[PDB]
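Here is the structure we will look at, set down as structure tokens.
When we count neighbours, we look across all protein chains shown, and the Cβ atoms used for this are built from the backbone with ideal geometry, even at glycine. Here, each number is a calculation from the coordinates, and none is a lab measurement.
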Amino acid sequence: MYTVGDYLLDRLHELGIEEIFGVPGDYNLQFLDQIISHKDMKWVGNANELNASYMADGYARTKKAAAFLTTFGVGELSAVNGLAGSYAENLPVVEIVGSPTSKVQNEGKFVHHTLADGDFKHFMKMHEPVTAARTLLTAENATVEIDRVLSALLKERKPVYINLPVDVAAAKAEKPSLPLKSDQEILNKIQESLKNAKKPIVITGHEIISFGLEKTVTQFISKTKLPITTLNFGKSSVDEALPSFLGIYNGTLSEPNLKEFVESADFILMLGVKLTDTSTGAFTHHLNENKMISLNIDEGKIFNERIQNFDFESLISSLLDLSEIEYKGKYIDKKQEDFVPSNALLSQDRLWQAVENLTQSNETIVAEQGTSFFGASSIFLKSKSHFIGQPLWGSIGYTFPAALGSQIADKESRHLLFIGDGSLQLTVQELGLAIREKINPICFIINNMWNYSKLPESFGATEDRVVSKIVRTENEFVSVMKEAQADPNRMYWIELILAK
Amino acid sequence: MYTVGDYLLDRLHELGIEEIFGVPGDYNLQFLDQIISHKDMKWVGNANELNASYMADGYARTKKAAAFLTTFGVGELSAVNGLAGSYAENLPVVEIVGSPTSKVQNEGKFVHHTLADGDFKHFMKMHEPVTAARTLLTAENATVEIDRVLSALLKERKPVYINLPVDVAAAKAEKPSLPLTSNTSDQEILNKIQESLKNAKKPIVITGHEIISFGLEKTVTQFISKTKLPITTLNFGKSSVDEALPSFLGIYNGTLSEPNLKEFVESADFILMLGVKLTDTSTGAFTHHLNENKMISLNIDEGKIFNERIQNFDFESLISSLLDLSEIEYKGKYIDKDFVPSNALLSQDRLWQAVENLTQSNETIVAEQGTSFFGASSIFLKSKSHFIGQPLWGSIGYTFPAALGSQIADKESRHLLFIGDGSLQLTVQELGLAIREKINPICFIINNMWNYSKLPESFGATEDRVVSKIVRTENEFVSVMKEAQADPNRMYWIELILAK
């Protein structure tokens, strides 16, 4: 039989979701079965819900849609932080919440995972400010409601919430039938501005990643040869290997040449950007609104004139159909110091120098808030690479599960995680999943309270699965980097000890 | 100078809170210092916020008030699930949330830990359905607001929320001078209770969780002692009376109750229910038979005298008044109510038989949902003992941090934790705190896939701090139980392997 559960899963498939994360609970058991049954969908169960939500986030970053399952009350409220972070940084994550039978909910009984007030609507209400759409399904409204909220996900690429009562998931429903899903004036104004500019700057941001427009932007920048920079909030919204990519613009913390280039530009095109404290060097950015066109998901501005009505995705896509754009100016001077290692102990500055030099193409780099994010975000990535950081929401522990989710999202991109020992502790339990799912990320755990080196062994990993290293010197670092990248079939668990 | 922070902490001292849990964050650092400075208050920092909230809950259960500190956004939303569970089971927990300077909040800036919408009020709104009172402090309203919400905590003994902006915590304030009877229908009620009790040929007192909430356990025990009244508790409120009393019957849990108790309770001619809430898991899936027509029930918010609702009364002093009843003495019969180990492997039923026989006085027993809770809740505790279970909210992982919090709350009560391997994983990181704070609980981890045995060693414990055991047989169990109870200066990490 085809059921509501089936409908939801097929819909999720259409969004490109191939794995669902989460945690079994009594009110979501039956639907969990349905996920198993669907051959086009794989269940990847976490240790805890919060980890699940983080892992779905990372998955969304790469796969461009994600979903995870929790249980009413205890599950959903565990995940809320981190669904919040998916709202803040605009990732398309579906949260499915298995709830008691509608019979139980209507009778308002004091059942487990409630406040024994017979109210089944509190937790959805609590999810209001961190979801673009929500629904409590019924047998009648199910197909309509699923479609409504998944549509909102497509529109906004912000997380959405579906409360799925046991019996509603098992109820019959009819398959698919139909799939789910001022621009001209704007384009001309952009094109006119670009033809006129003697020194333009494109600045792209997180919302580009949200809609998986990275390749569009890259292709746009390539043909035009337009100067481009990103914020750290949206690092990799363009291929950093392009010759017209300047580096990261981050207020007065920007490298001086980039800073001067950006802030002396005669035209600014900002795409999918939000200026936050940590992404603008504590608001020390100088982006004159009078010579700037900015486009975002929800709104945009043409030279201080707000625009309301447009389609963000296709408006960006249209940048490719512009014409007679070619930048003939200079850029900024880069640097070509090779990392030559010694037996010197590894320092922070040397680490990132080495990472930049040794990183390869087709890699995703994930960096946790703290020394790791600060160092890693300034790196120029290799061609066809990606970056995951969470500098707006800034939830510690995030990058570990996120890294794993992302790695699962794209097996073809080798993930390199940079996380501090302090932070890793908060989400370390997902090491279990890493071992089970036989995924192969390169994990660097920077030191500075437990002995993490021998953690894989504790979780039941052998040397055929995880390789554990300790690095103290430059030579050791180089060696282990190359060794790790040379072996795509094992996960690497590398403890860095940094000097001074 | 004396500050708002100081005010809050002095107020917290008056509630009897001697330790504050939580996690440092940039928006709560300065206030954290204030906790350190206060000699009558000790900071006990957790690994994660969720753990903190669970640990505060456990602390409240024993100390009868608790507090923990988180950081705006990421911190508070991490803890929300534990706070929800504190609301559900009615524990007096203060959540303090350090937030950005009021200057920043008013200017509505896109700072870290926000949704970059310049709204600072979302997260408090999300806490609405799980707090009895909430406040965003200002320099002006601080003393009033602190007192308002801490008063509500006193009234309802449900959790409360204080958002504390950096600058507001540092703002000048005066030491509190004043410290923190509703109706005379209390007198009528007492007489009706007394009249009913004198007349009853077979009365039953049933006490519940709300008794623990107000620390009325000793009152109830003294009441039952003088009168010799038959008493039973639900598992939702186990230990709301001293189970060692001769008139304590056991646990009433619907048709899952021991037959004699079941028949006693359900054939009673008068029922006095104090602080009771009937949930699915605490009745036998609602197989309780408590005739409302021969029953007086008192709760925090409301009560019923033979199907006549009362609204306005003081729960605490109304219970306290039960002691001033007179010419109450039960003259009736009660119900009818020893472990020899072998080399036989340890089974579930044998475990709890052994625990019941070997448990000592002045102990707290903490049991996680699943097998542990089912077995442990049926035990008769020794004199002056306590029980922690969370059968309403039923959040897995809870009992580990909760156990630790409770243990910190009362150093004089030896905690015995019974948790499943599955659940321990969710909150295991707090093992760090256990080692640091040099507390000495007896932890039984039922094994039912990582190597937990070597966990203390990982977290830096030596044999002088934690003793690690593996138990398979009955003899081994008895031996390790006695050995653990015989050594009050070390924590015990005991892995139970159960049979079929």
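The table that follows gives values for the structure above.
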| item | result |
| --- | --- |
| Relative exposure of B:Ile162, B:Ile319, judged by other C-beta atoms within 10 Å (fewest first) | B:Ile319, B:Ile162 |
| Trypsin sites (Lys or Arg not before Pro) restricted to segment B:266-333 and DSSP loop, no more than 16 other C-beta within 10 Å | B:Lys331, B:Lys333 |
| Fewest-first ranking of A:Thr204, B:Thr181, B:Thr283, A:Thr216, using other Cβ atoms within 10 Å as the exposure measure | B:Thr181, A:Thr216, B:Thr283, A:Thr204 |
| Rg and Dmax of segment A:67-159, Cα atoms only, in Å | 13.4, 39 |
| Coil-residue GluC sites (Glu not before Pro) of segment B:449-484, DSSP, other Cβ within 10 Å capped at 16 | B:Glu463 |
| Relative contact order (%) - segment A:9-77, alpha-carbon pairs under 8 angstrom, separation at least six | 44 |
| Calculated FRET value between B:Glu329 and A:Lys103, using beta carbons and R₀ = 56 Å, to 0.05 | 0.75 |
| Among beta bridges that DSSP assigns inside the protein assembly as shown, antiparallel share in %, nearest 5 | 10 |
| Fewest-first ranking of B:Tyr2, B:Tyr27, B:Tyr87, B:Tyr54, using other Cβ atoms within 10 Å as the exposure measure | B:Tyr2, B:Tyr87, B:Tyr27, B:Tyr54 |
| Descending principal axes extents, segment A:455-500, alpha-carbon based, whole Å | 34, 23, 9 |
| Nearest-0.05 FRET efficiency for B:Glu457 and A:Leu320, computed from C-beta distance (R0 45 Å) | 0.15 |
| Between segment B:80-115 and segment B:178-232, the Cα center-to-center distance that results, in Å | 37 |
| Where only C-alpha atoms are counted, convex hull volume of segment B:1-111 per residue in Å³ | 103 |
| With 10 Å bins from 0: P(r) over chain A, alpha-carbon pairs, percent | 4, 19, 27, 24, 17, 7, 1, 0 |
| Set of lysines with alpha-carbon distance to A:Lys39 below 25 Å, sequence-local pairs under 8 removed | A:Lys63, A:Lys64, A:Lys172, A:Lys175, A:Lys181, A:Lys411, A:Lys438 |
| Calculated [θ] (222 nm, deg cm²/dmol) that DSSP helices of n ≥ 4 give over chain B, each run adding -39,500 (n - 2.57) | -10500 deg cm²/dmol |
| Volume in Å³ per residue [convex hull over Cα atoms, computed for segment A:429-479] | 94 |
| Neighbour cut-off at most 11 other Cβ (10 Å), DSSP loop, trypsin sites (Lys or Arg not before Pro), segment B:1-98 | B:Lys39 |
| Filter on B:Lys192/B:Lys228; A:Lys198/A:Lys225; B:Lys218/B:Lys294; A:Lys235/A:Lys384; A:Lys223/A:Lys330 - keep pairs with C-alpha separation over 21 Å | B:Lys218/B:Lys294 |
| Farthest toward positive dipole pole in the protein assembly as shown [+1 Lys/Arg, -1 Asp/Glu at C-beta], among B:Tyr87, A:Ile201, A:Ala142 | A:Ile201 |
| Over 14 Å [Cα-Cα, segment A:226-320], rounded percent | 68 |
| Inverse of mean 1/r across different Cα pairs in segment B:131-222, Kirkwood, Å | 16.9 |
| Shape box of the protein assembly as shown [Cα atoms, principal axes, largest first, Å] | 104, 72, 58 |
| Descending semi-axes in whole angstrom, ellipsoid equivalent of segment A:156-269, from the Cα gyration tensor | 40, 19, 12 |
| DSSP beta bridges in chain B [antiparallel fraction, %, rounded to 5] | 10 |
